[PDB]
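Undergrad: Okay, handing you the structure first.
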2 protein chains.
Amino acid sequence: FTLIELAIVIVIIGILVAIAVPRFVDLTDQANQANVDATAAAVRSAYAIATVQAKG
Amino acid sequence: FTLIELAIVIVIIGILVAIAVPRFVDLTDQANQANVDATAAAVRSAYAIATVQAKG
(Lines give C-alpha, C1' and ligand atoms only; values in the text may rest on other atoms or scores of the structure.)
Protein backbone atom coordinates (compact mmCIF):
# COMPACT_ATOMS: atom_id res chain seq x y z
CA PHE A 1 0.00 0.00 0.00
CA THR A 2 1.18 3.58 -0.63
CA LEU A 3 1.84 5.98 2.27
CA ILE A 4 -1.17 8.06 1.14
CA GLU A 5 -3.52 5.04 1.42
CA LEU A 6 -2.17 4.29 4.92
CA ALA A 7 -2.67 7.98 5.90
CA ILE A 8 -6.29 7.85 4.64
CA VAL A 9 -6.83 4.59 6.60
CA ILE A 10 -5.35 6.16 9.79
CA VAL A 11 -7.86 9.04 9.39
CA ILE A 12 -10.95 6.92 8.65
CA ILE A 13 -10.32 4.32 11.42
CA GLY A 14 -10.29 7.21 13.94
CA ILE A 15 -13.75 8.34 12.67
CA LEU A 16 -15.48 4.93 12.35
CA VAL A 17 -14.41 4.34 15.94
CA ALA A 18 -15.82 6.98 18.36
CA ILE A 19 -19.36 6.10 17.38
CA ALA A 20 -21.84 5.22 20.09
CA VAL A 21 -22.53 1.49 20.59
CA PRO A 22 -25.31 -0.02 22.80
CA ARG A 23 -24.56 -1.81 26.05
CA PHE A 24 -25.84 -5.32 26.48
CA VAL A 25 -28.24 -5.32 29.47
CA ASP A 26 -29.50 -8.22 31.58
CA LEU A 27 -33.22 -7.66 30.90
CA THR A 28 -34.05 -11.15 32.23
CA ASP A 29 -35.74 -9.71 35.37
CA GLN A 30 -38.37 -7.84 33.29
CA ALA A 31 -38.82 -10.83 30.96
CA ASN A 32 -39.07 -13.27 33.93
CA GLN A 33 -41.75 -11.05 35.52
CA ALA A 34 -43.78 -11.09 32.28
CA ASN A 35 -43.36 -14.90 32.06
CA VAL A 36 -44.63 -15.30 35.66
CA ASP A 37 -47.58 -12.94 35.00
CA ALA A 38 -48.57 -14.62 31.69
CA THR A 39 -48.26 -18.02 33.43
CA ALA A 40 -50.46 -16.76 36.32
CA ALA A 41 -53.15 -15.75 33.76
CA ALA A 42 -52.91 -19.25 32.23
CA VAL A 43 -53.25 -20.92 35.69
CA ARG A 44 -56.42 -18.86 36.42
CA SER A 45 -57.99 -19.91 33.09
CA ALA A 46 -56.89 -23.56 33.54
CA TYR A 47 -58.48 -23.50 37.02
CA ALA A 48 -61.74 -21.97 35.71
CA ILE A 49 -61.92 -24.65 32.95
CA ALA A 50 -61.18 -27.31 35.62
CA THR A 51 -64.18 -26.15 37.77
CA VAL A 52 -66.49 -27.00 34.83
CA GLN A 53 -64.78 -30.39 34.18
CA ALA A 54 -64.85 -31.26 37.92
CA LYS A 55 -68.48 -30.00 38.30
CA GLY A 56 -67.20 -28.47 41.57
CA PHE B 1 31.75 9.00 -8.45
CA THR B 2 32.72 8.47 -12.10
CA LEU B 3 31.02 10.45 -14.90
CA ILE B 4 29.41 7.19 -16.11
CA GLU B 5 27.78 6.57 -12.70
CA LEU B 6 26.44 10.16 -12.66
CA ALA B 7 25.09 9.69 -16.24
CA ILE B 8 23.32 6.46 -15.16
CA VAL B 9 21.89 8.30 -12.10
CA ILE B 10 20.66 11.20 -14.30
CA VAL B 11 18.84 8.62 -16.49
CA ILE B 12 17.28 6.57 -13.64
CA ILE B 13 16.10 9.60 -11.59
CA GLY B 14 14.15 10.77 -14.66
CA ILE B 15 12.39 7.36 -14.85
CA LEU B 16 11.65 6.79 -11.12
CA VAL B 17 10.05 10.23 -11.19
CA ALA B 18 7.15 10.44 -13.72
CA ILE B 19 5.31 7.66 -11.93
CA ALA B 20 1.75 8.25 -10.82
CA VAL B 21 1.26 9.02 -7.10
CA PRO B 22 -2.12 9.17 -5.24
CA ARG B 23 -3.63 12.45 -4.06
CA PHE B 24 -4.54 12.74 -0.43
CA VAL B 25 -8.31 13.37 -0.22
CA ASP B 26 -10.39 14.78 2.63
CA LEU B 27 -12.72 11.76 2.99
CA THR B 28 -13.90 13.01 6.42
CA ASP B 29 -17.40 13.85 5.05
CA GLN B 30 -18.08 10.21 4.06
CA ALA B 31 -16.55 8.92 7.32
CA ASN B 32 -18.52 11.49 9.40
CA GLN B 33 -21.76 10.40 7.69
CA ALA B 34 -21.04 6.74 8.54
CA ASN B 35 -20.23 7.74 12.16
CA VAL B 36 -23.56 9.63 12.43
CA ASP B 37 -25.48 6.69 10.89
CA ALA B 38 -23.79 4.04 13.11
CA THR B 39 -24.44 6.30 16.14
CA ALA B 40 -28.12 6.69 15.09
CA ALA B 41 -28.44 2.86 15.00
CA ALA B 42 -26.91 2.71 18.51
CA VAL B 43 -29.35 5.39 19.82
CA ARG B 44 -32.34 3.40 18.46
CA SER B 45 -31.14 0.20 20.19
CA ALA B 46 -30.30 2.10 23.42
CA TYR B 47 -33.83 3.59 23.34
CA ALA B 48 -35.45 0.17 22.74
CA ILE B 49 -33.47 -1.33 25.69
CA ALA B 50 -34.50 1.72 27.79
CA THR B 51 -38.24 1.07 27.10
CA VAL B 52 -37.86 -2.37 28.78
CA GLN B 53 -35.86 -0.94 31.75
CA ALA B 54 -38.37 1.94 32.19
CA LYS B 55 -41.39 -0.43 31.75
CA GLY B 56 -42.81 2.42 29.62
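A note on labels: chains of the C-alpha coordinates are A, B, ... as shown, every chain counts residues from 1, and ligands are counted from 1 in their shown order.
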Could you pull out the residues in chain B that DSSP calls alpha helix (DSSP H) from the backbone, as a VMD selection string?
TA: chain B and resid 3 to 16 28 to 53
Undergrad: Do a neighbour search on region 37-42 of chain B at 8 Å with only C-alpha atoms, toss out local chain neighbours closer than 2 positions, and write the hits as a JSON list (two decimals) with N, CA, C and O atoms, in the first residue's frame.
TA:
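To be explicit, this is the file written out as result17.json:
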[["chain", "number", "residue", "atom", "x", "y", "z"],
["A", 19, "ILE", "N", -17.90, 6.16, 17.44],
["A", 19, "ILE", "CA", -19.36, 6.10, 17.38],
["A", 19, "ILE", "C", -19.87, 5.78, 18.78],
["A", 19, "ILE", "O", -19.10, 5.34, 19.63],
["A", 20, "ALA", "N", -21.18, 5.93, 18.99],
["A", 20, "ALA", "CA", -21.84, 5.22, 20.09],
["A", 20, "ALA", "C", -22.04, 3.74, 19.72],
["A", 20, "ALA", "O", -22.14, 3.39, 18.55],
["A", 21, "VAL", "N", -22.14, 2.88, 20.75],
["A", 21, "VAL", "CA", -22.53, 1.49, 20.59],
["A", 21, "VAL", "C", -23.39, 1.12, 21.79],
["A", 21, "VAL", "O", -23.13, 1.61, 22.88],
["A", 22, "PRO", "N", -24.47, 0.31, 21.65],
["A", 22, "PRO", "CA", -25.31, -0.02, 22.80],
["A", 22, "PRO", "C", -24.60, -0.95, 23.78],
["A", 22, "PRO", "O", -23.80, -1.79, 23.38],
["B", 33, "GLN", "N", -20.41, 10.89, 7.97],
["B", 33, "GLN", "CA", -21.76, 10.40, 7.69],
["B", 33, "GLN", "C", -21.95, 8.99, 8.25],
["B", 33, "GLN", "O", -22.93, 8.73, 8.94],
["B", 34, "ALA", "N", -20.99, 8.09, 8.00],
["B", 34, "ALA", "CA", -21.04, 6.74, 8.54],
["B", 34, "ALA", "C", -21.01, 6.72, 10.07],
["B", 34, "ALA", "O", -21.71, 5.92, 10.68],
["B", 35, "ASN", "N", -20.24, 7.61, 10.71],
["B", 35, "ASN", "CA", -20.23, 7.74, 12.16],
["B", 35, "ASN", "C", -21.61, 8.15, 12.69],
["B", 35, "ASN", "O", -22.10, 7.55, 13.64],
["B", 44, "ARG", "N", -31.11, 4.17, 18.59],
["B", 44, "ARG", "CA", -32.34, 3.40, 18.46],
["B", 44, "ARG", "C", -32.35, 2.16, 19.35],
["B", 44, "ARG", "O", -33.32, 1.92, 20.06],
["B", 45, "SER", "N", -31.26, 1.38, 19.34],
["B", 45, "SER", "CA", -31.14, 0.20, 20.19],
["B", 45, "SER", "C", -31.13, 0.57, 21.67],
["B", 45, "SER", "O", -31.81, -0.07, 22.47],
["B", 46, "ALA", "N", -30.38, 1.61, 22.05],
["B", 46, "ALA", "CA", -30.30, 2.10, 23.42],
["B", 46, "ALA", "C", -31.68, 2.55, 23.93],
["B", 46, "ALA", "O", -32.04, 2.29, 25.07]]
Undergrad: Could you list, as a PyMOL selection string, the residues of chain A having an atom within 8 Å of chain B when counting only C-alpha atoms?
TA: chain A and resi 2+4-5+8+11-12+15-23+25+27+30
Undergrad: In Å, with one decimal, what is the gap from CA of residue 9 (chain B) to CA of residue 3 (chain A)?
TA: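 Interatomic distance here is 24.8 Å.
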Undergrad: Mind pulling up the distance from CA of residue 29 (chain A) to CA of residue 56 (chain B)?
TA: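 Value for the CA of residue 56 (chain B)-CA of residue 29 (chain A) distance: 15.2 Å.
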